[PDB]
Structures are given as C-alpha cells and as structure tokens.
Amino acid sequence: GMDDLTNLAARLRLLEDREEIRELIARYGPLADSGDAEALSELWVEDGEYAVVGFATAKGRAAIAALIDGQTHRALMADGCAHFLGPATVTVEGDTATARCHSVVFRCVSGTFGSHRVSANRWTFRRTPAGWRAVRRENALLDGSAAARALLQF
C-alpha cells in the first residue's frame, strides 16, 4: 500500500542509493586535487575502469591510483588545478546505476585561471556489500567530438 512501512522503506532506500552515488561523484574531484590516489581508486570496484578517448584505459584500482600518482597529474597539482564535476543525472535500476555529468579541469597558468579541459562523463555503478561503487567511468572532450555527445545522451 502506498505510504505503508514497507513502501516507505523502499522509497527511502532509493533516495539513499541516489545520494550515495552523488556522494561518490562529488568526492572524485577533492580526492584528485589533494592527491589522495588510494582513496580515489577506492571509489571503484577492484577491477573498475576509467576510460578517456585517446588514452590507455586504467583497469583496476592500482592503475586508477597510478593516474593520480603520475607525473602529468602531479604537475597539474603543482600548477594549481580543480577537477570540477557538475551535478549529475542519476538513474538507479536495482543493484546498478548510471550517471552523466560534465567535468571541467581548471588550471592556473601564469597566475590566471582557465579551462584546461571541458568534458562529458558517463559513469556506471553497482551496489556492493560495502556500498555503491563505480564500475566504469568514460570521459571525452566537448570539443566537437562525437564521443562526448554520446556519453551524455539518454
């Protein structure tokens, strides 16, 4: 029955699921920008992937952590950077979910700030015994590329 105890519990769980998924996505940028490679990698399942058009795919937590520990990212941190992910649209289906959002990498160059990359992202998630975790993130530049538009599309 609508508004009975079992119904409220199901509806609350759905809100909790969505809020957990949004929290994962909102933690990415702070963790990246502070260099917390291990914790960032732990947003994903152990064999999670992070794919970017024109890059080698990072497969598994060690590889994802190695992106944050890597030269290029560390140099970006030394310049000054923000990995700014916007509000996500989220769809939950049982024990899986999908989100889409934009991301901008802001970079400080010569004492002024600019937009180093502007991208689309599509994320997938699954419910694990320890909570929701990312399964795959795909990212592409919104530079006219076809892939970026496809990542956003429903």
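Counting begins at 1, following the sequence as shown.
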- Item | Mean C-alpha temperature factor, higher of 55-63 and 117-125 | 55-63
- Do the C-alpha atoms of 17-25 or of 126-134 have the higher average B factor in the entry? 126-134
- Using the B-factors in the PDB entry, rank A75's C-alpha atom against the chain and give the third, lowest, middle or highest. highest
- Could you say whether, by C-alpha temperature factor, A148 belongs to the lowest, middle or highest third of its chain? lowest
- Item | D33 - which third its CA temperature factor falls in, relative to the rest of the chain | lowest
- Item | Cα B factor band for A88 (lowest, middle or highest third within the chain) | middle
- Message: Splitting the chain's C-alpha B-factors into thirds, which one does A39 fall into?
- Response: highest
